[PDB]
């Protein structure tokens, strides 16, 4: 009923590339003993500075100590007050707020003996279709390797992928051409993701040549520089396909809504500050009669589980989403990881109170790191 302590433990999980992303596993304790778990991921993004976890624990406790975890609106306002939105995609304050708010959801749900799902409005479906990533080709040589990825993942159930483009357009068409002639309708590339790397006119040129390949194309993702609302709008009018963009702040989302700059709002709790903020963003999109899809993150099973519950509760998700964080790592820190089958992300067992994901202390100690330093 009352928050009494907080634990912030940093962990580093080696990716299939050897590189290690650092995450923070959150534990919110209470006077009665129940504990809510959460995850602060994506700290491995610019700006090139690291946050002092000792100091962060202290500041977060000063805010949370003695509070009722059920006062989500009150607590989130206090979190936003201390960790302001900045219209920047990778604001570390967002990851921080996300871990806390998500842990509060887990805590409240456990207390009421219900799944986080039932705390988010229930189920509209039990799973959401996701896609597997094919990272941008810099050389036409990497094509073959990516073709194998499609081959391998298709066998594992992933028939839909998202292609990060923009660098070497010739290499992208070759890849698209190769995948079309080898798998045909067996595989779909639901999106061409520009990652804000091109100005809108340059993206328009690329879009015209890549869309010559419509392998179940659903949308064009991030085809303009960050916060270039007028650019997104122009591209939206010149592009037959839906334009999608990530939501990283309410001010940014408000600008896109007011300008009718995009077609699909790509939402991820980690980039907007948690489930509470993500729900607000999804509802603002719903009121504006706009579609939503869940975005990609570097989250492990704890953070991804939150997105699974969120996604299965929304009524305005009619397209393929991107949460595949667990696929980036071999290991994790839970007893049982989230389930992906036939290219779908499943919401955790509704009969299990809380997040439906449990931590494995041995794995936590195994991947533990002293800080979030680069």
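Residue numbers count along the first chain shown, from 1.
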Point to revise | Of 331 to 339 and 48 to 56, the one with larger mean CA B-factor | key: 331 to 339
Study note, to complete from the structure: Once average C-alpha B-factors are taken from the entry for 118 to 126 and 269 to 277, the winner is 118 to 126
Point to revise | Selection by C-alpha B-factor (highest) of 102, 289, 185, 199 | key: 185
Point to revise | Peak C-alpha temperature factor (PDB record), options 170, 81, 91, 71 | key: 170
Check your understanding: For residue 165, does the deposited CA B-factor place it in the lowest, middle or highest third of the chain?
Key -> highest
Review point. By the record's CA B-factor, is residue 295 among the lowest, middle or highest third of residues in the chain?
Key: middle
Exercise for review: Using the B-factors in the PDB entry, rank residue 177's C-alpha atom against the chain and give the third, lowest, middle or highest.
Suggested key: highest
Exercise for review: Tell me, lowest, middle or highest third: where does the Cα B factor of residue 255 rank within its chain?
Suggested key: lowest
Practice item. Rank-wise, by C-alpha B-factor, drop residue 211 into the lowest, middle or highest third of its chain. Key: highest
